Amino acid sequence: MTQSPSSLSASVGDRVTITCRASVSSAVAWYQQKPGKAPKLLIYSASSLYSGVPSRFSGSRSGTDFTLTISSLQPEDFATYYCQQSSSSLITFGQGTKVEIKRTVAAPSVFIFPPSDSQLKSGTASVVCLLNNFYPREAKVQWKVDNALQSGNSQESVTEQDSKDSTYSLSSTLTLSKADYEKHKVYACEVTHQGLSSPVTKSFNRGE
Amino acid sequence: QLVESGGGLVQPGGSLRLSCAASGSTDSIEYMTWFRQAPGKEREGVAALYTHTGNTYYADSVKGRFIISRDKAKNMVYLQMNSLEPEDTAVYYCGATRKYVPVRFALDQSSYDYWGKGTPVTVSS
Amino acid sequence: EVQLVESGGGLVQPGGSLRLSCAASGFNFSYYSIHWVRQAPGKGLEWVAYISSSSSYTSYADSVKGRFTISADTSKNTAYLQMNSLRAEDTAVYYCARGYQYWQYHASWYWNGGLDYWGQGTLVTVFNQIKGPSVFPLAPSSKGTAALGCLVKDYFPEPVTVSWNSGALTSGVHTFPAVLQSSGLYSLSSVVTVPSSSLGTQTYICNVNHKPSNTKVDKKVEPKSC
Ligand SMILES: [Cl-]
């Protein structure tokens, strides 16, 4: 099974070194990919620059480990990087490493949305908590229904870094039956973030 | 049938000698030639040898650094590569033709019929 | 002038069949290898198979061995992936890519040519059912900036598209990646922040498109009456 990419936060100007996870194997080739675009060959045979690739990119064979170094990060360099080997007749791509841009801490703005009346008519209630325009991506959301801490009945989704302000947005959605929703009054999501000196709670009382 | 050998990792300024072993008679061969192919680039002619004459031809980029030679007894063609540079990194292939080829098509991919599978060369610090 | 162009991707059901094409141009086809690499939503690259037509060498990842078949028509400069016994997790963008003809023979501790040219990909969507979304408003609160949006719930398969006011409103929109619910159905929200003062005046309508079920829904998002 393939995996979600790991992540590395860095500034323009930073030097970064990515180590390929080792597996008897061949020499590594390194590729770069931006979202919705085809991957591009950067480095082949551990340390040869692919034709046209800038020279800030370099590769090195540490013995048994392979590394890609970007000497000085440019804006266009924020992307996902893959290492690639072969073994017998099979080619393997490693887990992606996403290089993400560092920025000042921004606390999220939190908004809570009750389920619509039209939703209730089909037996389920969705409660949505929005964390908007924050940095860095690490946030904790805790749902409470009449002071009961929920677990296992919510799902989160997070955007990619915004092209303009380098922030993230995140949604947490609580799913309840209509019956369970109408049984309780106070609906709250509590948000912990680096940019909040203490957790922010947003509340509504059902029917106001 | 042609088989290359002698490929390997070298530092800039290093030397390698590639070998190309022919099977069967090579009497009817017009040219024996070394080619190279890097990723994202066309297979390019490096050194060609005209078998009846011994006359050699070389790409501009390798002039005076690379020498093609033959030992007819062993049924072998060699490429001696001195003063290797990063831009020399490629898979190197032996090619031959028993068909006639004009003197200046001597270094073109398609102007040749038989090939080896190639021997990779990496030049890197 | 080297180009690779994938085609043939689309909706297909488990136990159905689908054949992908990779049309090559700008090079002598019989001197190279053609590889298939796929990428599932939000996930890394996964190498799938290769063919060197001329040598008729082929190889497959265990995740697809006995299921997919690679082949090539040299006279057409085209390679093919024949996909059989399809499963949900075969859903992905399928890329074709060029390598060396004798890459396996060359593979070593010091050499790895890699895959130089890539097509832009063709999408394959495996579905068991087709189901259009229901759309609910995420109504603005009574609070400078207000947030509103709409919830796009219970569809299959991906994808859905969302615009606001027919595309006139784009500033500050966030449309979240879909998540798969326990029910096996997708859900996502699209949100936007606007001025508080604008709520009493400016009409906000989300436009939701779901091509697989051929449905469009426009849903007005306004403050709830108390
Ligand atoms: Cl080859």
# chains A, B, ... in the order shown; residues from 1 in each chain; ligands from 1
>>> interface_residues(of="chain C", to="chain A", cutoff="7 Å", atoms="only C-alpha atoms", output="number ranges by chain")
C: 42-47, 59-61, 104, 107-116, 118-120, 136-139, 176-177, 179, 226
>>> closest_atom_pairs(of="chain C", to="ligand 1", cutoff="8 Å", atoms="only C-alpha atoms and all ligand atoms", output="CSV")
residue,atom,partner,partner_atom_place_in_ligand_line,distance
C:31,CA,ligand 1,1 (Cl),6.4
C:32,CA,ligand 1,1 (Cl),6.4
C:100,CA,ligand 1,1 (Cl),4.4
C:101,CA,ligand 1,1 (Cl),4.0
C:102,CA,ligand 1,1 (Cl),4.2
C:103,CA,ligand 1,1 (Cl),6.2
C:106,CA,ligand 1,1 (Cl),8.0
>>> residues_around(residues="residue 83 of chain C", least_positions_apart="2", cutoff="12 Å", atoms="only C-alpha atoms", output="ChimeraX atom specification")
/C:8-10,12-21,36,48-49,64-71,80-81,85-87,90-91,94,124-126
>>> interface_residues(of="chain B", to="chain C", cutoff="9 Å", atoms="only C-alpha atoms", output="PDB file with N, CA, C and O atoms, in the first residue's frame")
ATOM      1  N   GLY B   8      31.783   1.566 -15.140  1.00  0.00           N
ATOM      2  CA  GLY B   8      31.945   1.706 -13.675  1.00  0.00           C
ATOM      3  C   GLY B   8      31.898   3.154 -13.195  1.00  0.00           C
ATOM      4  O   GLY B   8      31.786   4.052 -14.053  1.00  0.00           O
ATOM      5  N   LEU B   9      31.979   3.372 -11.872  1.00  0.00           N
ATOM      6  CA  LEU B   9      31.948   4.733 -11.273  1.00  0.00           C
ATOM      7  C   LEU B   9      33.367   5.310 -11.258  1.00  0.00           C
ATOM      8  O   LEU B   9      34.292   4.593 -10.829  1.00  0.00           O
ATOM      9  N   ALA B  38      22.728   9.382 -22.573  1.00  0.00           N
ATOM     10  CA  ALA B  38      22.374   9.882 -21.254  1.00  0.00           C
ATOM     11  C   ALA B  38      20.855  10.021 -21.165  1.00  0.00           C
ATOM     12  O   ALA B  38      20.171  10.084 -22.188  1.00  0.00           O
ATOM     13  N   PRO B  39      20.266  10.060 -19.947  1.00  0.00           N
ATOM     14  CA  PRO B  39      18.829  10.300 -19.804  1.00  0.00           C
ATOM     15  C   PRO B  39      18.434  11.651 -20.401  1.00  0.00           C
ATOM     16  O   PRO B  39      19.160  12.634 -20.262  1.00  0.00           O
ATOM     17  N   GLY B  40      17.280  11.673 -21.080  1.00  0.00           N
ATOM     18  CA  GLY B  40      16.743  12.874 -21.699  1.00  0.00           C
ATOM     19  C   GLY B  40      17.519  13.359 -22.928  1.00  0.00           C
ATOM     20  O   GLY B  40      17.255  14.455 -23.406  1.00  0.00           O
ATOM     21  N   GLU B  42      19.486  12.195 -26.891  1.00  0.00           N
ATOM     22  CA  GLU B  42      19.610  11.239 -27.982  1.00  0.00           C
ATOM     23  C   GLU B  42      20.918  10.468 -27.857  1.00  0.00           C
ATOM     24  O   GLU B  42      21.913  11.015 -27.398  1.00  0.00           O
ATOM     25  N   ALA B  90      26.885   8.289 -18.967  1.00  0.00           N
ATOM     26  CA  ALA B  90      25.967   7.729 -19.946  1.00  0.00           C
ATOM     27  C   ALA B  90      26.074   6.205 -19.950  1.00  0.00           C
ATOM     28  O   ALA B  90      26.982   5.637 -19.351  1.00  0.00           O
ATOM     29  N   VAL B  91      25.144   5.554 -20.651  1.00  0.00           N
ATOM     30  CA  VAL B  91      25.362   4.187 -21.093  1.00  0.00           C
ATOM     31  C   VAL B  91      26.102   4.239 -22.432  1.00  0.00           C
ATOM     32  O   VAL B  91      25.681   4.946 -23.351  1.00  0.00           O
ATOM     33  N   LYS B 117      24.027  -4.266 -25.525  1.00  0.00           N
ATOM     34  CA  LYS B 117      23.064  -3.807 -24.539  1.00  0.00           C
ATOM     35  C   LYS B 117      23.606  -2.583 -23.802  1.00  0.00           C
ATOM     36  O   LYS B 117      22.845  -1.850 -23.162  1.00  0.00           O
ATOM     37  N   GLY B 118      24.928  -2.377 -23.896  1.00  0.00           N
ATOM     38  CA  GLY B 118      25.558  -1.198 -23.328  1.00  0.00           C
ATOM     39  C   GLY B 118      26.190  -1.467 -21.965  1.00  0.00           C
ATOM     40  O   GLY B 118      25.821  -2.412 -21.268  1.00  0.00           O
ATOM     41  N   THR B 119      27.174  -0.633 -21.618  1.00  0.00           N
ATOM     42  CA  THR B 119      27.827  -0.672 -20.321  1.00  0.00           C
ATOM     43  C   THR B 119      27.697   0.728 -19.724  1.00  0.00           C
ATOM     44  O   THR B 119      28.057   1.697 -20.382  1.00  0.00           O
ATOM     45  N   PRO B 120      27.063   0.896 -18.540  1.00  0.00           N
ATOM     46  CA  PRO B 120      26.872   2.222 -17.947  1.00  0.00           C
ATOM     47  C   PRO B 120      28.170   2.823 -17.420  1.00  0.00           C
ATOM     48  O   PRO B 120      29.009   2.109 -16.870  1.00  0.00           O
ATOM     49  N   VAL B 121      28.296   4.151 -17.563  1.00  0.00           N
ATOM     50  CA  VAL B 121      29.415   4.879 -16.993  1.00  0.00           C
ATOM     51  C   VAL B 121      28.883   6.069 -16.197  1.00  0.00           C
ATOM     52  O   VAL B 121      28.173   6.914 -16.740  1.00  0.00           O
ATOM     53  N   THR B 122      29.248   6.124 -14.909  1.00  0.00           N
ATOM     54  CA  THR B 122      28.935   7.266 -14.073  1.00  0.00           C
ATOM     55  C   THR B 122      30.218   8.001 -13.694  1.00  0.00           C
ATOM     56  O   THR B 122      31.140   7.422 -13.123  1.00  0.00           O
TER      57      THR B 122
END
>>> residues_around(residues="residue 177 of chain A", least_positions_apart="5", cutoff="10 Å", atoms="only C-alpha atoms", output="ChimeraX atom specification")
/A:120,122-126,182-183
>>> atom_distance(atom1="atom CA of residue 105 of chain B", atom2="atom CA of residue 36 of chain B")
16.0 Å
>>> select_by_dssp(residues="segment 46-125 of chain B", states="strand (DSSP E or B)", output="PyMOL selection string")
chain B and resi 46-50+56-58+66-71+76-81+90-97+114-115+119-123
>>> atom_distance(atom1="atom CA of residue 10 of chain A", atom2="atom CA of residue 67 of chain A")
17.0 Å
>>> atom_distance(atom1="atom CA of residue 56 of chain B", atom2="atom CA of residue 24 of chain B")
22.8 Å
>>> residues_around(residues="residue 184 of chain C", least_positions_apart="3", cutoff="9 Å", atoms="only C-alpha atoms", output="list in words")
residues 154, 156, 180 and 181 of chain C
>>> residues_around(residues="residue 166 of chain C", least_positions_apart="4", cutoff="12 Å", atoms="only C-alpha atoms", output="PyMOL selection string")
chain C and resi 161-162+170+203-209+216-220
>>> write_last_selection(atoms="C-alpha atoms", output="compact mmCIF listing (two decimals), in the first residue's frame")
# COMPACT_ATOMS: atom_id res chain seq x y z
CA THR C 161 -16.63 20.39 -8.19
CA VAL C 162 -17.84 23.49 -6.32
CA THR C 170 -13.25 32.94 -5.70
CA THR C 203 -26.62 36.59 -2.30
CA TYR C 204 -24.37 33.56 -1.85
CA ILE C 205 -25.04 30.47 -3.98
CA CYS C 206 -22.84 27.37 -4.17
CA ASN C 207 -22.81 25.48 -7.49
CA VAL C 208 -22.11 21.75 -7.12
CA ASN C 209 -21.32 19.50 -10.08
CA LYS C 216 -25.84 19.91 -10.91
CA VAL C 217 -27.28 21.52 -7.78
CA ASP C 218 -27.35 25.23 -6.91
CA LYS C 219 -27.93 25.95 -3.23
CA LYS C 220 -28.46 29.41 -1.70
>>> residues_around(residues="segment 44-49 of chain B", least_positions_apart="2", cutoff="7 Å", atoms="only C-alpha atoms", output="ChimeraX atom specification")
/B:31-37,42,51,54-59,62,68,106-109
>>> write_last_selection(atoms="N, CA, C and O atoms", output="PDB file, in the first residue's frame")
ATOM      1  N   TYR B  31      32.097  -0.208 -40.228  1.00  0.00           N
ATOM      2  CA  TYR B  31      32.425   0.612 -39.076  1.00  0.00           C
ATOM      3  C   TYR B  31      32.096  -0.117 -37.782  1.00  0.00           C
ATOM      4  O   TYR B  31      31.046  -0.745 -37.655  1.00  0.00           O
ATOM      5  N   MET B  32      33.019   0.008 -36.829  1.00  0.00           N
ATOM      6  CA  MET B  32      32.765  -0.313 -35.440  1.00  0.00           C
ATOM      7  C   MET B  32      32.787   1.009 -34.678  1.00  0.00           C
ATOM      8  O   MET B  32      33.692   1.820 -34.858  1.00  0.00           O
ATOM      9  N   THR B  33      31.733   1.261 -33.919  1.00  0.00           N
ATOM     10  CA  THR B  33      31.606   2.598 -33.303  1.00  0.00           C
ATOM     11  C   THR B  33      31.086   2.513 -31.878  1.00  0.00           C
ATOM     12  O   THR B  33      30.316   1.621 -31.585  1.00  0.00           O
ATOM     13  N   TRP B  34      31.565   3.431 -31.050  1.00  0.00           N
ATOM     14  CA  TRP B  34      31.097   3.597 -29.662  1.00  0.00           C
ATOM     15  C   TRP B  34      30.103   4.753 -29.671  1.00  0.00           C
ATOM     16  O   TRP B  34      30.362   5.755 -30.297  1.00  0.00           O
ATOM     17  N   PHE B  35      28.971   4.540 -29.029  1.00  0.00           N
ATOM     18  CA  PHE B  35      27.915   5.557 -28.867  1.00  0.00           C
ATOM     19  C   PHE B  35      27.635   5.721 -27.375  1.00  0.00           C
ATOM     20  O   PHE B  35      28.034   4.878 -26.597  1.00  0.00           O
ATOM     21  N   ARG B  36      27.003   6.824 -26.997  1.00  0.00           N
ATOM     22  CA  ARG B  36      26.574   6.974 -25.614  1.00  0.00           C
ATOM     23  C   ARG B  36      25.175   7.583 -25.574  1.00  0.00           C
ATOM     24  O   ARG B  36      24.784   8.307 -26.492  1.00  0.00           O
ATOM     25  N   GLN B  37      24.430   7.255 -24.514  1.00  0.00           N
ATOM     26  CA  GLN B  37      23.066   7.728 -24.330  1.00  0.00           C
ATOM     27  C   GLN B  37      22.846   8.076 -22.859  1.00  0.00           C
ATOM     28  O   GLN B  37      22.830   7.183 -22.009  1.00  0.00           O
ATOM     29  N   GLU B  42      19.486  12.195 -26.891  1.00  0.00           N
ATOM     30  CA  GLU B  42      19.610  11.239 -27.982  1.00  0.00           C
ATOM     31  C   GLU B  42      20.918  10.468 -27.857  1.00  0.00           C
ATOM     32  O   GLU B  42      21.913  11.015 -27.398  1.00  0.00           O
ATOM     33  N   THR B  51      37.106  -0.126 -40.592  1.00  0.00           N
ATOM     34  CA  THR B  51      37.836  -1.351 -40.306  1.00  0.00           C
ATOM     35  C   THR B  51      38.868  -1.664 -41.387  1.00  0.00           C
ATOM     36  O   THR B  51      39.892  -2.271 -41.083  1.00  0.00           O
ATOM     37  N   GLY B  54      41.524   1.675 -40.687  1.00  0.00           N
ATOM     38  CA  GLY B  54      41.999   2.022 -39.357  1.00  0.00           C
ATOM     39  C   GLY B  54      41.723   3.485 -39.020  1.00  0.00           C
ATOM     40  O   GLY B  54      42.010   3.927 -37.909  1.00  0.00           O
ATOM     41  N   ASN B  55      41.154   4.216 -39.991  1.00  0.00           N
ATOM     42  CA  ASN B  55      40.806   5.620 -39.834  1.00  0.00           C
ATOM     43  C   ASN B  55      39.747   5.766 -38.741  1.00  0.00           C
ATOM     44  O   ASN B  55      38.757   5.039 -38.721  1.00  0.00           O
ATOM     45  N   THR B  56      39.987   6.709 -37.830  1.00  0.00           N
ATOM     46  CA  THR B  56      39.088   6.937 -36.715  1.00  0.00           C
ATOM     47  C   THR B  56      38.426   8.299 -36.872  1.00  0.00           C
ATOM     48  O   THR B  56      39.024   9.237 -37.395  1.00  0.00           O
ATOM     49  N   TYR B  57      37.205   8.431 -36.356  1.00  0.00           N
ATOM     50  CA  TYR B  57      36.460   9.717 -36.340  1.00  0.00           C
ATOM     51  C   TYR B  57      35.927   9.968 -34.927  1.00  0.00           C
ATOM     52  O   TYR B  57      35.436   9.020 -34.354  1.00  0.00           O
ATOM     53  N   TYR B  58      35.950  11.208 -34.427  1.00  0.00           N
ATOM     54  CA  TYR B  58      35.488  11.487 -33.042  1.00  0.00           C
ATOM     55  C   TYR B  58      34.579  12.713 -32.911  1.00  0.00           C
ATOM     56  O   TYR B  58      34.782  13.680 -33.628  1.00  0.00           O
ATOM     57  N   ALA B  59      33.593  12.648 -32.009  1.00  0.00           N
ATOM     58  CA  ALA B  59      32.763  13.784 -31.646  1.00  0.00           C
ATOM     59  C   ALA B  59      33.665  14.883 -31.092  1.00  0.00           C
ATOM     60  O   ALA B  59      34.709  14.596 -30.507  1.00  0.00           O
ATOM     61  N   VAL B  62      34.779  14.869 -27.289  1.00  0.00           N
ATOM     62  CA  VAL B  62      35.652  13.830 -26.759  1.00  0.00           C
ATOM     63  C   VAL B  62      37.015  13.865 -27.457  1.00  0.00           C
ATOM     64  O   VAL B  62      37.910  13.083 -27.123  1.00  0.00           O
ATOM     65  N   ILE B  68      39.550   5.312 -29.817  1.00  0.00           N
ATOM     66  CA  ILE B  68      39.050   4.015 -30.242  1.00  0.00           C
ATOM     67  C   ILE B  68      40.185   3.247 -30.920  1.00  0.00           C
ATOM     68  O   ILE B  68      40.983   3.816 -31.669  1.00  0.00           O
ATOM     69  N   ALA B 106      28.920   8.690 -40.101  1.00  0.00           N
ATOM     70  CA  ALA B 106      29.624   7.678 -39.324  1.00  0.00           C
ATOM     71  C   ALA B 106      29.232   7.725 -37.848  1.00  0.00           C
ATOM     72  O   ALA B 106      29.481   6.767 -37.119  1.00  0.00           O
ATOM     73  N   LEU B 107      28.600   8.824 -37.412  1.00  0.00           N
ATOM     74  CA  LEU B 107      28.360   9.033 -35.993  1.00  0.00           C
ATOM     75  C   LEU B 107      26.867   9.170 -35.679  1.00  0.00           C
ATOM     76  O   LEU B 107      26.526   9.695 -34.618  1.00  0.00           O
ATOM     77  N   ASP B 108      25.994   8.640 -36.563  1.00  0.00           N
ATOM     78  CA  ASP B 108      24.546   8.704 -36.392  1.00  0.00           C
ATOM     79  C   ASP B 108      23.941   7.352 -36.004  1.00  0.00           C
ATOM     80  O   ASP B 108      24.115   6.358 -36.708  1.00  0.00           O
ATOM     81  N   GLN B 109      23.158   7.368 -34.916  1.00  0.00           N
ATOM     82  CA  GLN B 109      22.392   6.253 -34.372  1.00  0.00           C
ATOM     83  C   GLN B 109      21.831   5.330 -35.460  1.00  0.00           C
ATOM     84  O   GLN B 109      22.110   4.131 -35.468  1.00  0.00           O
TER      85      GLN B 109
END
>>> closest_residue(among="A:20, A:121, A:197, A:14", to="residue 178 of chain A", atoms="only C-alpha atoms")
A:121
>>> closest_residue(among="C:29, C:58, C:210, C:35", to="residue 73 of chain C", atoms="only C-alpha atoms")
C:29
>>> closest_residue(among="A:146, A:164, A:180, A:60", to="chain B", atoms="only C-alpha atoms")
A:60
>>> select_by_dssp(residues="segment 75-194 of chain A", states="alpha helix (DSSP H)", output="ChimeraX atom specification")
/A:117-120,178-182
>>> write_last_selection(atoms="C-alpha atoms", output="CSV table (one decimal), in the first residue's frame")
chain,number,residue,atom,x,y,z
A,117,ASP,CA,-33.3,21.9,8.8
A,118,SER,CA,-33.3,20.2,5.4
A,119,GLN,CA,-30.6,17.8,6.5
A,120,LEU,CA,-32.6,16.8,9.7
A,178,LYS,CA,-31.3,13.2,14.1
A,179,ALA,CA,-32.6,11.6,17.3
A,180,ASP,CA,-29.2,12.0,19.1
A,181,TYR,CA,-29.0,15.6,17.9
A,182,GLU,CA,-32.4,16.6,19.2
>>> decode(residues="segment 13-39 of chain C", atoms="N, CA and C atoms", output="mmCIF file, in the first residue's frame")
data_model
loop_
_atom_site.group_PDB
_atom_site.id
_atom_site.type_symbol
_atom_site.label_atom_id
_atom_site.label_comp_id
_atom_site.auth_asym_id
_atom_site.auth_seq_id
_atom_site.Cartn_x
_atom_site.Cartn_y
_atom_site.Cartn_z
ATOM 1 N N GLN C 13 -16.324 -0.743 -13.401
ATOM 2 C CA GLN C 13 -16.849 -1.457 -12.249
ATOM 3 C C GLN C 13 -15.953 -2.652 -11.942
ATOM 4 N N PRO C 14 -15.899 -3.143 -10.676
ATOM 5 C CA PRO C 14 -15.153 -4.364 -10.361
ATOM 6 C C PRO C 14 -15.626 -5.515 -11.249
ATOM 7 N N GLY C 15 -14.674 -6.201 -11.891
ATOM 8 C CA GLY C 15 -15.002 -7.331 -12.749
ATOM 9 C C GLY C 15 -15.267 -6.909 -14.194
ATOM 10 N N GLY C 16 -15.326 -5.592 -14.422
ATOM 11 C CA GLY C 16 -15.285 -5.034 -15.763
ATOM 12 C C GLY C 16 -13.847 -4.951 -16.272
ATOM 13 N N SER C 17 -13.675 -4.263 -17.405
ATOM 14 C CA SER C 17 -12.402 -4.217 -18.106
ATOM 15 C C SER C 17 -12.121 -2.798 -18.598
ATOM 16 N N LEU C 18 -10.834 -2.444 -18.694
ATOM 17 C CA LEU C 18 -10.443 -1.146 -19.218
ATOM 18 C C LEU C 18 -9.029 -1.224 -19.791
ATOM 19 N N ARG C 19 -8.824 -0.600 -20.960
ATOM 20 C CA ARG C 19 -7.547 -0.613 -21.663
ATOM 21 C C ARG C 19 -7.019 0.812 -21.824
ATOM 22 N N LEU C 20 -5.839 1.072 -21.249
ATOM 23 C CA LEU C 20 -5.182 2.369 -21.333
ATOM 24 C C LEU C 20 -4.125 2.351 -22.440
ATOM 25 N N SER C 21 -3.990 3.482 -23.145
ATOM 26 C CA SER C 21 -3.024 3.671 -24.218
ATOM 27 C C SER C 21 -1.972 4.683 -23.782
ATOM 28 N N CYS C 22 -0.726 4.442 -24.202
ATOM 29 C CA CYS C 22 0.354 5.410 -24.127
ATOM 30 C C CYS C 22 0.956 5.605 -25.523
ATOM 31 N N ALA C 23 0.613 6.729 -26.172
ATOM 32 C CA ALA C 23 1.093 7.044 -27.511
ATOM 33 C C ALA C 23 2.427 7.786 -27.425
ATOM 34 N N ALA C 24 3.479 7.197 -28.006
ATOM 35 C CA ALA C 24 4.798 7.812 -27.959
ATOM 36 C C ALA C 24 5.102 8.488 -29.289
ATOM 37 N N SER C 25 5.831 9.606 -29.238
ATOM 38 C CA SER C 25 6.365 10.187 -30.460
ATOM 39 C C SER C 25 7.685 10.878 -30.159
ATOM 40 N N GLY C 26 8.467 11.083 -31.225
ATOM 41 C CA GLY C 26 9.681 11.873 -31.171
ATOM 42 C C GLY C 26 10.930 11.033 -30.920
ATOM 43 N N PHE C 27 10.797 9.699 -30.918
ATOM 44 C CA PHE C 27 11.940 8.834 -30.647
ATOM 45 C C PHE C 27 11.742 7.455 -31.276
ATOM 46 N N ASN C 28 12.845 6.713 -31.457
ATOM 47 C CA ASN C 28 12.765 5.351 -31.968
ATOM 48 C C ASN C 28 12.265 4.425 -30.860
ATOM 49 N N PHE C 29 10.986 4.050 -30.972
ATOM 50 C CA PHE C 29 10.238 3.384 -29.917
ATOM 51 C C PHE C 29 10.927 2.102 -29.458
ATOM 52 N N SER C 30 11.591 1.397 -30.384
ATOM 53 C CA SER C 30 12.084 0.064 -30.070
ATOM 54 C C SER C 30 13.381 0.106 -29.258
ATOM 55 N N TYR C 31 13.919 1.313 -29.014
ATOM 56 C CA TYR C 31 15.140 1.485 -28.233
ATOM 57 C C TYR C 31 14.867 1.856 -26.767
ATOM 58 N N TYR C 32 13.597 1.876 -26.341
ATOM 59 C CA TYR C 32 13.272 2.331 -24.993
ATOM 60 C C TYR C 32 12.319 1.360 -24.304
ATOM 61 N N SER C 33 12.037 1.644 -23.037
ATOM 62 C CA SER C 33 11.019 0.896 -22.266
ATOM 63 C C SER C 33 9.873 1.842 -21.902
ATOM 64 N N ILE C 34 8.671 1.312 -21.785
ATOM 65 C CA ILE C 34 7.495 2.120 -21.381
ATOM 66 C C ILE C 34 7.010 1.585 -20.039
ATOM 67 N N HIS C 35 6.884 2.477 -19.072
ATOM 68 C CA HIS C 35 6.466 2.101 -17.708
ATOM 69 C C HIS C 35 5.109 2.706 -17.388
ATOM 70 N N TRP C 36 4.372 2.040 -16.513
ATOM 71 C CA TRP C 36 3.096 2.568 -15.988
ATOM 72 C C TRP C 36 3.316 2.802 -14.502
ATOM 73 N N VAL C 37 3.036 4.015 -14.061
ATOM 74 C CA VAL C 37 3.157 4.460 -12.650
ATOM 75 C C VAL C 37 1.821 5.113 -12.319
ATOM 76 N N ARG C 38 1.200 4.727 -11.211
ATOM 77 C CA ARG C 38 -0.082 5.300 -10.819
ATOM 78 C C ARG C 38 0.048 6.078 -9.506
ATOM 79 N N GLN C 39 -0.956 6.908 -9.223
ATOM 80 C CA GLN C 39 -0.999 7.717 -8.016
ATOM 81 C C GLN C 39 -2.450 7.848 -7.563
#
